[PDB]
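**Q**
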Amino acid sequence: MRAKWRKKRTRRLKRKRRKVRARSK
Amino acid sequence: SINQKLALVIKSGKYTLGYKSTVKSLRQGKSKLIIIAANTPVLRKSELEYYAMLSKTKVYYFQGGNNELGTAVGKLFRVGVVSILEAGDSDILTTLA
Amino acid sequence: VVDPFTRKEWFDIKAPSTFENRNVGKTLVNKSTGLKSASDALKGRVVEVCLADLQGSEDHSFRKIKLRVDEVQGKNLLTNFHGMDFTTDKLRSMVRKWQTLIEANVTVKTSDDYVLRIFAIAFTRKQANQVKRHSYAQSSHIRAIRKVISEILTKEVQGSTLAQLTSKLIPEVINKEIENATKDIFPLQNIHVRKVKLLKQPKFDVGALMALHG
Amino acid sequence: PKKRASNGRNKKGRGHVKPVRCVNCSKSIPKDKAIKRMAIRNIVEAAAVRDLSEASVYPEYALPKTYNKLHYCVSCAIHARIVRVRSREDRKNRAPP
Amino acid sequence: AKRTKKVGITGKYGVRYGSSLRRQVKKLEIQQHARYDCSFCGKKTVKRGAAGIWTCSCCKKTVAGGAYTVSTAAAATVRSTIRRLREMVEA
Amino acid sequence: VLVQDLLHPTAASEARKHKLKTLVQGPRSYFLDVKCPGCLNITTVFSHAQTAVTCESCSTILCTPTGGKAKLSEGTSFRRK
Amino acid sequence: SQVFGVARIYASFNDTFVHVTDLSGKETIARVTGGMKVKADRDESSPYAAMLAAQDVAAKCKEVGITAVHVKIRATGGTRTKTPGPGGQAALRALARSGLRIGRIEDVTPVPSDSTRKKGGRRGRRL
Amino acid sequence: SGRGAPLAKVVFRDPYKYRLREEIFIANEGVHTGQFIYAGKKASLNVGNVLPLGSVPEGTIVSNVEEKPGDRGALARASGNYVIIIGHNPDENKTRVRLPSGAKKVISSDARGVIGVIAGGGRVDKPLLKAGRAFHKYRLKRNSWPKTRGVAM
RNA sequence: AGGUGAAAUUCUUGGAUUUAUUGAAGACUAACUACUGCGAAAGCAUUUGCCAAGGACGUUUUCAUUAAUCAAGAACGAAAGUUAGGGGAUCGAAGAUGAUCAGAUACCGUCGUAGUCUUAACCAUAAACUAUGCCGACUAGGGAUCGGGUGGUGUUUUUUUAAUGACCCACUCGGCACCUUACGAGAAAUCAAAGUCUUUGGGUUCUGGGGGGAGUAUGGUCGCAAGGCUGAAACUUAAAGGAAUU
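Chains as they are written, first to last, in PDB author numbering: chain SA, 1 to 25; chain HA, 9 to 105; chain YA, 20 to 233; chain XB, 2 to 98; chain UA, 2 to 92; chain YB, 2 to 82; chain LB, 11 to 137; chain F, 52 to 204.
Now the structure itself:
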């Protein structure tokens, strides 16, 4: 698993866990 | 370099900045150098071109004006007429002016 | 179902007066039919071909001449010098490696109402006892090169429009005075006039075009 | 590890070039990483060359040449063009003939 | 001084309106209010006395310019287009 | 290499290399008491002039200052020192 | 001394047009496309098609009465292969063997400026 | 008061009677109060100067021109709006010009046109923000403001 | 006609595809152009004009330690992405679809909005590579090649030996890399630097410590965002990795 597409995975789970924690802001 | 040429003339010679003082130095007949700004009132210029010949002086349409001619004549304030009476150690008499 | 070749009438080309065989060629026209005439049905054409043929000079293996059809008389079209071309096969030929290429372009008008844009290529050559496997110009030298290149072109243009210009165009008298300036600086090889094209004429005045056609 | 001096292909003295499009699968590869060749061949084949001059006009004429340039992408320049993964030692080797 | 931060002269539009809008306003608002220069008397006494009007405090010289600047990108290149063609006008 | 003297060395590899890597930096220039045609005097002209050196009596020009040693101006009799 | 002209052969990959015209061309003579003499797609740039295509254009010429002709070959170029297809091979040898006065032949293909993008992408056409 | 670009209060004499009636041209981004305007084909190419288009060439931009050569103003009337000129065919005077959304209208070379764009750079390229400047906007135009949406009534 | 390994969609016999006379748009600058130039890095590939810059060389000019390198901090920072307007010619993320394919949401094909690029602002990241910091003198020869400098009764310029410009040979510092052994170093590959390092110390910036978790949690902080600068822990694991050989 190349880190180019893996930095993209964490990237999606980043906007993801920032909006879920920002849901209960 | 017309820049440093008048640097010495103000650093030695007798110069007069301003319509009155310059037309007053011309009405006395002891200035042989008048530098006009190609942006200042041509009404003002028109008479100074007419005095140029009346006071036998070599005019010179300066590539500048108040904050151009004034910039090099080392003074924070504005001026467009540098009517030189007698130069110091610079021969702006026989040059490209 | 008519096979329109039966329609199209055959033509014949006739160069100005400063060309070898004025009878440049035989082509096709258009028989007068529905909502169309003949003499004023073409003209908006050209005449590009091997200049060596239209000049009968086999030494001009390359180079080409461009002619715009003007007025026709007696089904014998009297073409006019529309300009000059350069076989792409010779452009690449003169472009050798380890040297510098110099293409020039400038505009110039004639004293007898007319405008065109002539060219003049140039290339860097070696020395009598050259050693380096390169040999390029000094750039600022390339500037003095192109400086007098366009300079000289527009110095002999004034006179008899492109009629007298072609009288020095194909004979390559250009290279002679152009090579004179290039000598005191960098030798260079070739140095021709490449191509060129017209853009402004006085009008459709074949009265002036009578000097070549007679 | 690194197996060439100029990294992969000639790149020393500057910082960036200008990539030219491959003449095969259009792959954009730097002008310094471009394997060129001048195929300035004729338009005649390998048989009708004399049949041309024969069924032709003009005293042999002169015959034309098409000076072309062949840029390559390396990947497709190996699936054909001159290369064939050279020997280890002669990797440094270079030759015009 | 710093009674603001990044809001500058548009901090008055507080909660009312939108952030993006005012941001744009700032750039142009800051433009016409500014004590512009009368490049005819050589003293920056000219200013937006009205839209497309810039009056000089000296010699009372009213000036034709832009809707916010003494001259935008428009009259800029066009002013030189004339200088450029005014060349084949006498030369 | 191995062993060499650096006191009385060849005046060859001495006055050819860089006068900064040779030894005691020595100026490789000089002046010229060139004659000024049209009077009777001579001017002590420095090799690398740069500033247009001319006459003093019937002023004219001595040598045009080039990108090194101001070569004479066509007709001028130069003399070392 | 004859009725010369131009052939304007087009050696594009998967096609070849042999339309003999005049010095101007504003008025053309014949054209005969490649797939005209062969329906198969795969053989549009094939050599046998070029001969048969250039063989038919030769017969059409002696119908109007044209003698000499100048073949101006053209590659797809521009932003394409720029490499003269296999058609412009047996096409020249087709009208040469047909019996025409092959004249001052030159060339004028589309000058690939490189300027305009070459359809494919940065990672190119990864066949 | 109803336009986002100043008006030239250009006063003129009358060579047919000792007198001076003030004509009214439009303002050009690049003119001064006391600036000199010249009208008559026999005048140098300068901003504010107005001569038929049989005086200027292509690329040359003007404003407050016509469609009817000499209707005393027509096309080229607006803030930050300009009109370039491309083609130019003499004899039977018919020049080709370039209008706003990309329109091209050919016209006689005796078509009056003043050199220079109408004052108002990036005017509407700025937000109105407060409906206030929106009220007083049409306060000098017409009661077309506001705009009741159809779907709701 | 287009196109492919070969097809199909697509433009078909209201004239396509192909030829040519003209016109406009935007884009770009081919060939010349390379183990070369310049730039601080990114980069910069046409010409002219203006306006300045930069830098080698050379100088029997001026000052006179003014310097070196740098936390925090500040200018520029390709491209993507972005706010918005001049406008997307090509190409072309997405998408649509033609087949291939057991399938194909891909690879190849046709079109096509972002973007392209400009005008004014942004984010500050790239295998941003010379994976090799800046400065210091010395351990090495060679051929080249770049720029300027000196020497030549030398080549040519021939219009008179006219002045000289280009070229040829030695050397030269400052450029650019390469070749040669490598004395030495180095795990080897290699490297005139990574030499001058157990015989270990010319000054100094910055960084790293088995591997994962992980540029991640969280806080701050910059950013219009995307995210950037900043940066864990638990837990688990005795192998992971580099080079060179078989």
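Where is the CB? At the ideal position from N, CA and C, for every residue including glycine.
Using a Cβ-Cβ distance under 8 Å, would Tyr73/XB count as near chain YA?
**A** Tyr73/XB has a beta carbon lying at 8 Å or more from every beta carbon in chain YA.
**Q** Taking its Cβ as the centre, do 16 or more other Cβ atoms sit within 10 Å of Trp55/UA, making it buried, or is it exposed?
**A** buried
**Q** Looking only at its chain, what residues have a beta carbon closer than 6 Å to the beta carbon of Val89/HA, apart from the 5 residues adjacent to it on each side?
**A** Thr30
**Q** According to the neighbour-count rule (16 or more other Cβ atoms, all chains shown, within 10 Å of its Cβ), is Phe24/YA buried or exposed?
**A** exposed
**Q** Contact check, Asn47/HA vs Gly73/HA under 8 Å by CB: the rounded distance?
**A** In this structure, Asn47/HA and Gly73/HA form a Cβ contact; the two beta carbons are roughly 4 Å apart against a cut-off of 8 Å.
**Q** Excluding the five sequence neighbours on either side, which residues of its own chain have a C-beta within less than 6 Å of the C-beta of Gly110/F, listed in chain order?
**A** none
**Q** Under 9 Å Cβ-Cβ, which residues of chain LB neighbour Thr201/YA?
**A** Here the premise fails: no neighbours, minimum Cβ distance about 28 Å.
**Q** In chain order, what are the residue ranges of uninterrupted beta strand (DSSP E) at least 3 long that sit wholly in the segment 138–217 of chain YA?
**A** Entirely contained in the segment 138–217 of chain YA, not one beta strand (DSSP E) run reaches 3 residues.
**Q** Taking DSSP as the reference, what is the three-state secondary structure of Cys69/YA?
**A** strand
**Q** Could you pull out every residue in the same chain whose Cβ sits closer than 6 Å to the Cβ of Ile41/XB, ignoring the five residues on either side in sequence?
**A** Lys66, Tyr68
**Q** Residues in the same chain with beta-carbon distance under 6 Å from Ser106/F, minus the five sequence neighbours each way, listed in chain order, please.
**A** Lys92
**Q** Give the secondary structure of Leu105/LB by DSSP, where H, G and I count as helix, E and B as strand, and everything else as coil.
**A** Helix at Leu105/LB.
**Q** The ligand COA heavy atoms versus the CB of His19/YB: any closer than 7 Å?
**A** Ligands in the displayed structure: none, and consequently the ligand COA is not present.
**Q** Short of 7 Å in beta carbon distance, which residues of its chain neighbour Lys70/XB, apart from the five on each side in sequence? Order them along the chain.
**A** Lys37, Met39
**Q** Taking the CB atoms as reference points, tell me whether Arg87/YA and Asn99/YA lie closer together than 8 Å.
**A** yes
**Q** Taking the alpha-carbon of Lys34/XB as reference, which of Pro97/XB, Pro98/XB, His72/XB has the nearest alpha-carbon?
**A** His72/XB
**Q** Quick check: is the beta carbon of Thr5/UA nearer than 8 Å to any beta carbon in chain F?
**A** no
**Q** Count the other C-beta atoms from every protein chain shown that fall within 10 angstroms of the C-beta of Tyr133/F, then say buried if there are 16 or more, exposed otherwise.
**A** buried
**Q** Taking C-beta pairs closer than 7 Å, name the residues in chain F that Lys62/UA reaches, listed in chain order.
**A** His83, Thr84
**Q** So what does DSSP say about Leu8/YB, is it helix, strand or coil?
**A** coil
**Q** Can you name, in chain order, every residue of its own chain whose Cβ lies under 6 Å from the Cβ of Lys13/HA, other than the five neighbours on each side?
**A** Within the same chain, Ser98, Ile100 come within 6 Å of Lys13/HA by CB-CB distance, once the 5 residues on both sides are set aside.
**Q** Quick one: is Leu137/LB buried, meaning 16 or more other Cβ sit within 10 Å of its Cβ, or exposed?
**A** exposed
**Q** Does DSSP put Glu73/F in a helix, in a strand, or in coil?
**A** Look at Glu73/F here: in three-state DSSP terms it is strand.
**Q** I need the boundaries of the alpha helix (DSSP H) containing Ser91/HA, first residue and last residue.
**A** Element bounds for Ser91/HA: not the alpha helix (DSSP H) but the beta strand (DSSP E), 90–94.
**Q** At a Cβ threshold of 8 Å, is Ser58/YA touching chain XB?
**A** no
**Q** Counting Cβ pairs closer than 8 Å, one from the segment 33–47 of chain YA and one from the segment 32–39 of chain LB, do we hit at least three?
**A** Yes: at least three Cβ pairs fall under 8 Å.
**Q** Tell me which same chain residues have a C-beta within less than 6 Å of the C-beta of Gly102/YA, skipping the five on either side of it?
**A** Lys85, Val215, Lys216, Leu217
**Q** Looking only at its chain, what residues have a beta carbon closer than 8 Å to the beta carbon of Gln86/F, apart from the 5 residues adjacent to it on each side?
**A** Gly99
**Q** Would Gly50/UA count as contacting chain F if we go by Cβ distances under 8 Å?
**A** Not an interface residue.
**Q** State buried or exposed for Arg29/YB, treating a residue as buried only when at least 16 other CB atoms are found within 10 Å of its CB.
**A** exposed
**Q** Looking at C-alpha atoms only, which residue of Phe32/YB, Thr67/YB, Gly68/YB, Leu21/YB is the closest neighbour of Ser78/YB?
**A** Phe32/YB
**Q** Closest Cβ-Cβ distance between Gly44/LB and chain XB: below 8 Å?
**A** Under the Cβ criterion of 8 Å, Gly44/LB is not counted among the residues facing chain XB.
**Q** Look at the alpha carbon of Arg87/UA and the alpha carbon of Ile169/F, and state the distance between them as a whole number of angstroms.
**A** 20 Å
**Q** Name, please, each residue of chain F whose Cβ falls closer than 7 Å to the Cβ of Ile54/UA.
**A** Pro57
**Q** Could you check what DSSP says for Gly69/YB in three-state terms: helix, strand or coil?
**A** coil
**Q** Does the contact criterion of 3 or more C-beta pairs under 8 Å hold for the segment 13–20 of chain XB versus the segment 69–79 of chain LB?
**A** Cβ pair count under 8 Å is below three, so no.
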